[PDB]
Ligand SMILES: [Cl-]
Ligand SMILES: [Cl-]
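Residue numbers (the deposited numbering), protein chains in the order written: chain A, 994 to 1071; chain B, 28 to 113.
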C-alpha cells in the first residue's frame, strides 16, 4: 500500500493541557493516522500517517505551542 | 581503560513506544555530544531516516545490523544497535 511515515517532533508542551492541544492539532492534520506522546520529559509527539508534509506539521505546531522542532522523519519500512 | 568512551552495551534503552499499526523497528539509536548522551530512539534496519543532530539535519542510513552512516557535525555522533529479539 501507500508509503507511510513516522515523524517525531519536539514540542513545547510542559503539562497535560498543553499536550492535549498539541495532540488535537496533530490529529486533525490530513494524513495523520496516530499521535502518541513519548520522551522522558513527555515533550515529543510521535505521529504516523500518509503523505504528511513534516515541515507544515511543525509550522502548525509552532504557531500553536510556541516551539516545535523536527527530530526524526522515517518512512515506514513495510 | 575503558577502551571505549561510548559503549552501547552499557547504555540504558531509549524512552520509546512501538506503534501498534506499523512494523516494530529493529534498531535503537543513541546520539552523543562530546560523549554525553543527548537523545535515543528507534529506527529500522536496512533502511534510512532523516534526523536532527545538534544544529544539523542529517540523512542517516542503516545496514542490516543497525550500523549507521551519516555526516555528523563536530563532537556529535549517532550510533545504532540491534534490539533484542531481532
Ligand atoms: Cl524544525
Ligand atoms: Cl512499531
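Every residue gets a Cβ at the ideal spot worked out from N, C-alpha and C, and that includes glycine.
| Check | Outcome |
| --- | --- |
| Under 7 Å from the C-beta of residue 1032(A): neighbouring residues of chain B | 42 |
| Chain A contact residues for residue 46(B), given Cβ-Cβ distances below 8 Å | 999, 1027, 1029, 1039, 1041 |
| Boundaries of the beta strand (DSSP E) in which residue 1070(A) is found, first to last residue | Segment: none, residue 1070(A) is in no beta strand (DSSP E) and carries neither H nor E. |
| 9 Å Cβ cutoff met for residue 1041(A) and residue 49(B) | yes |
| Contact set between residue 76(B) and chain A, taken where Cβ atoms lie within less than 9 Å | 999, 1065, 1066, 1067, 1068 |
| Selection from 1018(A), 994(A), 1004(A), 1060(A) that minimises the alpha carbon distance to residue 1031(A) | 1004(A) |
| Nonlocal neighbours in the same chain, by C-beta distance under 6 Å from residue 1057(A), ignoring five residues either side | 1018 |
| Between the CA atoms of residue 1008(A) and residue 32(B) - distance to the nearest angstrom | 35 Å |
| Proximity winner among 1036(A), 1015(A), 1045(A), 1037(A), relative to residue 1026(A) (alpha-carbon distances) | 1045(A) |
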